[PDB]
Amino acid sequence: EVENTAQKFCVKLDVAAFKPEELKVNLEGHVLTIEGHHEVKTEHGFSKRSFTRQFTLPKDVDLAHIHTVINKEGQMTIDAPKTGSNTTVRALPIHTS
Amino acid sequence: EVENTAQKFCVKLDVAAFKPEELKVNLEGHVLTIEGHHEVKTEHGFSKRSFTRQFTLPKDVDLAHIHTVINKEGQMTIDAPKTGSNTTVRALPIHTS
Amino acid sequence: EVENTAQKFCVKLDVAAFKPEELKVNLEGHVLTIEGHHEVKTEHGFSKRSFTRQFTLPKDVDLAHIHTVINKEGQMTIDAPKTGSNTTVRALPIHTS
Amino acid sequence: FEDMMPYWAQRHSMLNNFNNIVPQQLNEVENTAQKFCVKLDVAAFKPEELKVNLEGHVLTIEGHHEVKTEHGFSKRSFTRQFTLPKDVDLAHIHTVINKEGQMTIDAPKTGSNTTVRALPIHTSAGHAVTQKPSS
Amino acid sequence: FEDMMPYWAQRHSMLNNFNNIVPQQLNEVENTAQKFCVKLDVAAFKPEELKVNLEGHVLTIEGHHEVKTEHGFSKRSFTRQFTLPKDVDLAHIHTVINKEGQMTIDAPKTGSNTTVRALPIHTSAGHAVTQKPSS
Amino acid sequence: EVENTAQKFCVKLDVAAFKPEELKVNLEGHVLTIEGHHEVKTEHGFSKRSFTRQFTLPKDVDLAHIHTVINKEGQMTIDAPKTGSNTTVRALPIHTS
Amino acid sequence: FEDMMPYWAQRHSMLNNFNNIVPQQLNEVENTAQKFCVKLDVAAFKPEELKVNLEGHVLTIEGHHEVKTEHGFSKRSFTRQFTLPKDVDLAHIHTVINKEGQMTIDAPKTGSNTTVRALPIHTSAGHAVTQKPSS
Amino acid sequence: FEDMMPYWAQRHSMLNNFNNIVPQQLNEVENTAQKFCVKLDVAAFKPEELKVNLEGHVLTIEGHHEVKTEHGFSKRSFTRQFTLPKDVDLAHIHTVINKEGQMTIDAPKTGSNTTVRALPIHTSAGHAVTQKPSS
Amino acid sequence: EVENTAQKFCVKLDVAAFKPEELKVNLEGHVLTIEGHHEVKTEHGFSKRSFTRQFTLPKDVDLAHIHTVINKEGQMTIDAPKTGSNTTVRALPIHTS
Amino acid sequence: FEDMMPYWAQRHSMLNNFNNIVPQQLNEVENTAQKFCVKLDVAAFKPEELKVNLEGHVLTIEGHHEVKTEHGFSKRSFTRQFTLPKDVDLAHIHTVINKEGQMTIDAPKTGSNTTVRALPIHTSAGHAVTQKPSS
Amino acid sequence: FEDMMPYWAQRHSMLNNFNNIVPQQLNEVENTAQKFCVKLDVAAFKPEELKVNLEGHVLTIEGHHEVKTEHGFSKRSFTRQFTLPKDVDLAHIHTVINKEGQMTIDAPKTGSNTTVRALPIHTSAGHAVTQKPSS
Amino acid sequence: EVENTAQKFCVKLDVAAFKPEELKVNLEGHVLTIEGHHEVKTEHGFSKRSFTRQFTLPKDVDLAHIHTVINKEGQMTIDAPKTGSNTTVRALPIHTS
Amino acid sequence: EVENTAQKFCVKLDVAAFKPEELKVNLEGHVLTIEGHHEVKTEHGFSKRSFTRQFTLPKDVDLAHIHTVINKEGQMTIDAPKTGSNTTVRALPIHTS
Amino acid sequence: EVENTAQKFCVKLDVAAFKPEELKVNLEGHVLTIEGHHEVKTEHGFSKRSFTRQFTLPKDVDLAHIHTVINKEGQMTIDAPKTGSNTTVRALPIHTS
Amino acid sequence: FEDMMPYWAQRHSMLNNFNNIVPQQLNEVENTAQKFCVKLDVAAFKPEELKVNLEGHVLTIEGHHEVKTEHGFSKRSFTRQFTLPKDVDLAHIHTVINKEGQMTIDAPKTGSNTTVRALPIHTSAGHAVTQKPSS
Amino acid sequence: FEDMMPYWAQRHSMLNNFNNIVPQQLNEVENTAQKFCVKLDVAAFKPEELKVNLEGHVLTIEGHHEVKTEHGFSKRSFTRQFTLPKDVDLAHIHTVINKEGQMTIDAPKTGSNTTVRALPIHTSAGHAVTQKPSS
Amino acid sequence: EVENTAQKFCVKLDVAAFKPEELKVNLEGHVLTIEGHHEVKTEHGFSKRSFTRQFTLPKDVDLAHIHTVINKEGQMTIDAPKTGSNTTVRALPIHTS
């Protein structure tokens, strides 16, 4: 499950278990790869954690404008608007009687 | 369920529980978002209420002409005519024998 | 059920219960609205009657030529010929042997 | 006997006809020394669509109905009101709709009293079970 | 969630048990300045089986139930009565049974009045349609 | 549900809600009837409770030997052995190796 | 009786209506010498969607709900909080939701104590089996 | 993997075997400075059949089971009791039964406190919904 | 499951968890009842164990000859030969060519 | 609404009850300057079972009903008669049975005349088609 | 015998034929000292489509029929009228349509009187049940 | 529906509308007939009421012992015990612990 | 049923019951209407007969060339050739061996 | 359809159209035959009516006791009690409280 | 309309009733200057069961019917005869039975002649096809 | 024997063949002292399609047949006429069509008379039932 | 059934019963009509024979080239080649080894 509106392409993954500098995000044309590697010595030995998440973004997506952001909560979100639509927030004024 | 005639695009939501200045209406291209937030201290603590309503208006709709109006009854209605049709009220004269 | 021939668009509603000056007919593009309101004081209080009839005329109909007529019997009929056909009554002569 | 159906079944015929709204009836209000009758022809309305209220001696009957045609609609409303006389016993007022679809609001005057009220037991939202008379 | 059934469904278990008859409840009668509540556990009875009556200020709750076993039967009855205080508004008395099967007779005192009565519209014998509250 | 072994006929009913002296047990041939009546004045009026339980005992049952007993717990149990079998408790001695 | 369904069944009607969020209720908080009641109308929420927490004497009720329409959504949230009085026995606090969808948090004061706690036995994640009362 | 069934499924085998009653276990009671654990093998009992109670510091575990054979039956019971130390926080006591059928009553001592209680929301009679932990 | 041959009626129950003197075996005509009760004080309180096993022996069984025996292994076995057959062990001599 | 059936459907209940025979009714005969009403409760009889006759000014209502039980039967009869006043217009007399099963014989006096008679068109034996009123 | 159908069944054949409208018949009006007969061939009309009225001594027979073809229609009407002689007993006038579809309005003169009227019992709108003759 | 136990044959009919002296009960072997006739002059003429109820009692019933009784409530009940069973009411004494 | 060949559009109705001068034939574009009205005083009052037959001719039909003819037999026939085909009768000569 | 209770055998036929002296009833063992013949000269000739009704009475019926009676209404009824049951009318006395 | 069946369908009811044999009818023989009508009610007989013969001026109508009950039968017969007047045209005599089951023998007198005879074409044994009138 | 069908079954073969119209037959008219026979081969026509008429001594046989092919039709007609001699008894003339499809009009001369006429009983429009001869 | 090859349109009808000069063949565009009328006085009166055969030839057929020929055998055949194909008989020479 990924956010694939006609407007934009958004992907939310939790990566809280991994530290920001341990993560790698790569792009090979329309192929998005998110990798993670952990390595801490335990009391009696060591512990390792690894993951690789891969997405194939549709041809509609404008690849030049990709932003990858990890918030305070630890979760990483990747968003990229499709070619054609203008990513502009517009507040509508509220009128009464 | 939303009013989606070839003539116009109309949406009626009840927001009577929320005060007008607490509501926020935003537009991000063809994406319409209506948010609400309440926050009143109870006798023994506090009470919160929240909602987020999102619509995706079809490409037929003319986005420049969007009006958001909350009446005396408390219900908010959002209407926007589609590109092509002229929003004009025309009273027809009634003839007898 | 409405008369929708390729020739014309006709609508017959009975409105005998309502007086002619109490009725309102409006046009908003291809949307036809017929409203009625009655208000007479009864012996012990008052009586009210209300109705709203709405039609969506197809794009074939020529909106400039709409006629609304209430006859002696009390029934209202709304007719409008479609764009393309000539509304002309033509009596054909009857020949014998 | 094919036409064994609810009284409002034939209201789909009347999409364009607007005389079906509660018409004035023969002897609508009957005011005797015994009771205070109000008879209305609500045959165009489901019981679910009607509202009967009592604010003091003011009795209000209300009704609303909406149909959807292919591309349009057909709305129908009414609001009948009656101010009941001071001598009417407000406690024993009783509304009924027979299978023909004629509403009749029966409220007896203070003198001729039944003494007992058959209290309707409300079940779920908008539903109640009344005592059925037995021989 | 399998047990989405009427509250009286499990009364077939109780053929021999006779404690299911309306037991005395915690805070059965609640008498405030606002209202006069009566709460009963009628969970052993169908709403169709109960009778609620009001003769003056005397309120009576009645109930009867009969089952048929192979060769015998199991009858169960009750008759609860309450004399309502003079300050209670007899007109606005209102009985309800929730989905748990707890009857609650609510009758507000004369002071704190709602002013309007939602009159139940009686349909067929022993049935009525009430106004459902809307937002 | 009643205990109907070839050995005996037993019936257990809870009557804890009723006091012992309020209960009546009658026999009319093979027909057993258990009645109960309660009558206590409430604070605001009175409360009544009533029940009638009827059983039809099969022809196997020896009607002369019927015992009705209500224990400390409040539950009443009616037992009657069938004609043919001897109601005798016999403890079997336990042997080891 | 067709409407024998969960209380949240009719929440699909309310996609646009936002009054269904727990409204303020008549006699919401009941503070007697016996207990400390809190009654809320959570009828717009599945029990699975609600959270009830207790940090010291601070009691928090929380709820979240998301629907998906064809191309949009409809989110609804609340966060009710109550600070319980010092004399309330925190151990015996007990939350219930009846079939109508009314949550009621019952916590008795230290004096009037039941002495025994019916400990809920947790089965699988987010499920528990409680002792059902028997006669 | 065929044997994906409840832990009590194989109790029909044990009609004649009466060792299945909660046996004494390895390290049954674990009393650390952190918590007070009690672990029992209740694998012969449905969660519906067990009762866990707390009267003061006295904790009682109870269980009952009845089967019907063609012409006879097979009853099985137990009553385990534990008096919890004074330093145990009675409020946070928490009972669980894993899919193997091992009950474990966890009650932490006053010092090491979690501060928040995840209050179980009781739904219908004998059922409750707990907060499921999320990452 | 019980051993019900035309020859005899045998029942094997494990009672190893219970001590021999704690068990009770009773006979009420054709009804066999086996009860057990344990009661030992734990370190922190007490532990109880209880069971009741009931059998209905068919009318073929000769009730006078019932033997209840608990072996070294702890399991109790109840056997009783039916009326008609002689419970006699007879060793058959083995002949060769 | 399950009980959408003919009024005589529940007469199978009354095999032993013999009060269902047309009882005397409240305001049975109504004699105004306008009309001469006769109202009877024929709910125990099919319309096919009733006979209405007029010999001069003498009006006779008759009814007969037979059921077959396993080995016996249950007969029920009545014969009501009314002599109409001289001033009643015998031509316009009109009998109806509503869906509740209440017969009402309406015959207006000579003065207040409708002038037109809606003649019933007889189809097959014992059947006729009347003019249905239209708006 | 395949053609066991209503008399109007074959009217679908006659979309273009317009002689089927009640034609003048052999001995249409029969005026004897006994009765006053009127016989019409209404075979092109359902009984539901016909109207028979009586205003004083003026008798009117009316009929209307509409069919829908693919894109057009076929309307058919008539209006027959007869002024009955002064000596005809207006009370006993009786209209029938046999299975062939021939209407016959029978009204006997004052002298030769039957004395009793078999009053048609009206059931639902536009339906009535008449007394069937028995031997 | 009639009460047809192996013990007795009972029939309850409501006859409250009829006065006791207006009713007739006849027996023709195993055939029971209950007739009723009312005849009161109305204000404008007269009113009549009639009924005939017939039962066929099974051969088990002892016809000599038939009793017909109309109570205060107006309802008539006909009971007759079958040949074989003794119609004797026997109160069972209630014992406690 | 109407004669609708690619060649022509023909309609035969019997109108023998009506006199020629009583009939009216009208054309409103592609809509053909045939009306009839009779009115003769009977011996005892009067008799009326009425009919209205309506056809919608397809767009292929050439409306300028419509002929309505009532023969000696009384039946009226309306024919009109479609635009494209030449309405010409051509006798073919018959040759032998 | 004939009345065939275990008590009696009854047959009701309408013979009102025939005069009593024109009818013939015969018995040939268990076979019952009812014949009728009418013969009256009409104004222009004559009219005849004939019927023959035959019944086969079961072997239970006591043939010696057969009675054929035609009442004032014209209908003939044939009744005969079966061998075993006593045809005796017995009025039961009605008791009150 | 359920009773769309042959006129003789209900003769199975009349096994014991013997009035159904052609009864004398109102105006049975009609002797005008135009024709000589004979009308009979043969509703108890199939057309296949009737015989109509003409020996000189002597006209004979005959009929026979046999049913089989379980162990018995029910025979029914008639023999009606009429001597036609000398002035009746014997060639044009014509017998018909309408759907009600009323036979009518129509034979016009010599003066008023139709001139043409519609000769019935005999098909198979006991069957013929007549000219159906057309407009 | 597969060809057990009506004689006109094979007329669909003859769409283009027009010799099937009643051909002149061997000994078509047979005029003896006994009778006056006319034999025709009408095998191309259903009995329903033929007409036999008699105007005085002039006998006319007529026939018409229409088929519809995909886009065309095939009409076929005939009109045979015979003037019967003065000595032929016009009353006893009798037309038959055997299963081969050969019509034969038999009319005996005045001398050799049968004396009795078996009158055909007309049932429904265009149908009649004749007396079948029996041994 | 008619011969409708892509090559030609042929129709064979037997008309042997009719004489050649009695037949009429007409063409109204693509509609072919073949009529026949016979009229000979019989010995006792007269005999008539009539037929009308109608065909609708497809638009492929070349109407200018229609030939109607009645042979010695009496049968009439109508043939007309379609527009496009050349009606030419061509004998192919036969070669051997």
# chains A, B, ... in the order shown; residues from 1 in each chain; ligands from 1
>>> select_by_dssp(residues="region 8-67 of chain H", states="strand (DSSP E)", output="ChimeraX atom specification")
/H:29-31,35-41,50-55,58-67
>>> residues_around(residues="region 47-51 of chain D", least_positions_apart="3", cutoff="7 Å", atoms="only C-alpha atoms", output="PyMOL selection string")
(chain D and resi 61-65) or (chain E and resi 129+131)
>>> residues_around(residues="residue 123 (chain H)", least_positions_apart="5", cutoff="12 Å", atoms="only C-alpha atoms", output="list in words")
residues 1, 3, 4 and 100 of chain E; 6, 7, 46, 47, 48, 50, 94, 95, 96, 97, 98, 99, 100, 101, 102, 103, 104, 127, 128, 129, 130 and 132 of chain G; 128, 129 and 130 of chain H
>>> closest_atom_pairs(of="chain E", to="chain L", cutoff="12 Å", atoms="only C-alpha atoms", output="Markdown table")
| residue | atom | partner | partner_atom | distance |
| --- | --- | --- | --- | --- |
| E:70 | CA | L:5 | CA | 11.9 |
| E:71 | CA | L:5 | CA | 8.7 |
| E:72 | CA | L:5 | CA | 10.2 |
>>> write_last_selection(atoms="N, CA, C and O atoms", output="tab-separated table (two decimals), in the first residue's frame")
chain	number	residue	atom	x	y	z
E	70	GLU	N	-41.55	-30.83	26.25
E	70	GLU	CA	-42.12	-32.05	25.66
E	70	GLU	C	-43.50	-32.44	26.21
E	70	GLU	O	-44.45	-32.59	25.43
E	71	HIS	N	-43.61	-32.57	27.53
E	71	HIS	CA	-44.86	-32.98	28.17
E	71	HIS	C	-45.34	-32.05	29.29
E	71	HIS	O	-46.42	-32.24	29.84
E	72	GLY	N	-44.52	-31.04	29.63
E	72	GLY	CA	-44.88	-30.07	30.67
E	72	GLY	C	-44.69	-28.63	30.24
E	72	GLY	O	-44.40	-28.35	29.07
>>> atom_distance(atom1="CA of residue 59 (chain K)", atom2="CA of residue 35 (chain M)")
26.7 Å
>>> residues_around(residues="residue 56 (chain M)", least_positions_apart="6", cutoff="10 Å", atoms="only C-alpha atoms", output="list in words")
residues 5, 6 and 7 of chain C; 69, 70, 71, 72 and 73 of chain K; 27, 28, 29, 30, 31, 32 and 33 of chain M
>>> decode(residues="region 93-128 of chain G", atoms="N, CA and C atoms", output="compact mmCIF listing (two decimals), in the first residue's frame")
# COMPACT_ATOMS: atom_id res chain seq x y z
N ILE G 93 -11.89 0.29 39.42
CA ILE G 93 -12.41 1.00 38.25
C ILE G 93 -12.73 0.01 37.13
N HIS G 94 -13.86 0.23 36.45
CA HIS G 94 -14.46 -0.76 35.56
C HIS G 94 -15.20 -0.07 34.41
N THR G 95 -14.75 -0.31 33.18
CA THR G 95 -15.36 0.32 32.00
C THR G 95 -16.24 -0.65 31.21
N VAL G 96 -17.42 -0.20 30.80
CA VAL G 96 -18.35 -1.02 30.01
C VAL G 96 -18.99 -0.25 28.86
N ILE G 97 -19.26 -0.95 27.76
CA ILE G 97 -20.04 -0.39 26.66
C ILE G 97 -21.23 -1.29 26.38
N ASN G 98 -22.43 -0.77 26.63
CA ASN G 98 -23.66 -1.51 26.37
C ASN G 98 -23.97 -1.58 24.88
N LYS G 99 -24.99 -2.35 24.52
CA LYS G 99 -25.34 -2.58 23.12
C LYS G 99 -25.84 -1.33 22.39
N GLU G 100 -26.24 -0.32 23.16
CA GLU G 100 -26.62 0.98 22.59
C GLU G 100 -25.40 1.79 22.18
N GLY G 101 -24.26 1.50 22.79
CA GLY G 101 -23.02 2.20 22.47
C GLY G 101 -22.70 3.33 23.43
N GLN G 102 -23.17 3.19 24.67
CA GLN G 102 -22.89 4.16 25.71
C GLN G 102 -21.85 3.59 26.67
N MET G 103 -20.66 4.19 26.65
CA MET G 103 -19.60 3.85 27.59
C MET G 103 -19.92 4.42 28.96
N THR G 104 -19.62 3.63 29.98
CA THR G 104 -19.82 4.07 31.35
C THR G 104 -18.69 3.56 32.24
N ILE G 105 -17.87 4.49 32.71
CA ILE G 105 -16.73 4.17 33.57
C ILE G 105 -17.13 4.29 35.04
N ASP G 106 -17.20 3.14 35.70
CA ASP G 106 -17.68 3.06 37.07
C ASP G 106 -16.50 2.81 37.99
N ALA G 107 -16.27 3.72 38.92
CA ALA G 107 -15.21 3.55 39.91
C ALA G 107 -15.72 3.94 41.30
N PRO G 108 -15.90 2.94 42.19
CA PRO G 108 -16.46 3.19 43.51
C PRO G 108 -15.45 3.84 44.46
N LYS G 109 -15.95 4.65 45.39
CA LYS G 109 -15.10 5.30 46.39
C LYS G 109 -14.65 4.30 47.46
N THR G 110 -13.57 4.63 48.16
CA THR G 110 -12.88 3.70 49.07
C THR G 110 -13.78 3.05 50.12
N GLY G 111 -14.72 3.82 50.66
CA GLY G 111 -15.62 3.34 51.71
C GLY G 111 -16.43 2.13 51.29
N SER G 112 -17.36 2.35 50.37
CA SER G 112 -18.22 1.28 49.88
C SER G 112 -17.43 0.38 48.93
N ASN G 113 -16.84 -0.67 49.50
CA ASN G 113 -15.99 -1.59 48.74
C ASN G 113 -16.64 -2.95 48.53
N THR G 114 -16.38 -3.56 47.38
CA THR G 114 -16.93 -4.88 47.05
C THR G 114 -16.07 -6.01 47.64
N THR G 115 -14.81 -5.68 47.94
CA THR G 115 -13.79 -6.57 48.55
C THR G 115 -13.12 -7.57 47.59
N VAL G 116 -13.87 -8.08 46.62
CA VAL G 116 -13.33 -9.02 45.63
C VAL G 116 -13.23 -8.40 44.23
N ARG G 117 -12.14 -8.67 43.53
CA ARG G 117 -12.01 -8.22 42.16
C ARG G 117 -12.13 -9.39 41.19
N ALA G 118 -13.04 -9.25 40.24
CA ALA G 118 -13.15 -10.22 39.16
C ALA G 118 -12.11 -9.88 38.10
N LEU G 119 -10.92 -10.47 38.25
CA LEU G 119 -9.82 -10.24 37.32
C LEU G 119 -10.12 -10.78 35.93
N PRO G 120 -10.06 -9.90 34.91
CA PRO G 120 -10.23 -10.30 33.52
C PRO G 120 -9.05 -11.13 33.04
N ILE G 121 -9.35 -12.29 32.45
CA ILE G 121 -8.32 -13.20 31.94
C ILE G 121 -8.04 -12.86 30.48
N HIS G 122 -6.83 -12.37 30.22
CA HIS G 122 -6.45 -11.99 28.86
C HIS G 122 -6.13 -13.22 28.03
N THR G 123 -6.77 -13.32 26.86
CA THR G 123 -6.60 -14.46 25.98
C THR G 123 -5.54 -14.14 24.93
N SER G 124 -5.98 -13.71 23.75
CA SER G 124 -5.07 -13.29 22.69
C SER G 124 -4.89 -11.79 22.76
N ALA G 125 -4.00 -11.25 21.93
CA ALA G 125 -3.77 -9.81 21.87
C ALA G 125 -5.08 -9.03 21.72
N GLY G 126 -5.35 -8.16 22.69
CA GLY G 126 -6.53 -7.28 22.67
C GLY G 126 -7.86 -7.93 22.99
N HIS G 127 -7.82 -9.12 23.58
CA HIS G 127 -9.02 -9.86 23.95
C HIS G 127 -8.89 -10.39 25.38
N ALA G 128 -10.01 -10.44 26.09
CA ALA G 128 -10.03 -10.96 27.46
C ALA G 128 -11.38 -11.59 27.77
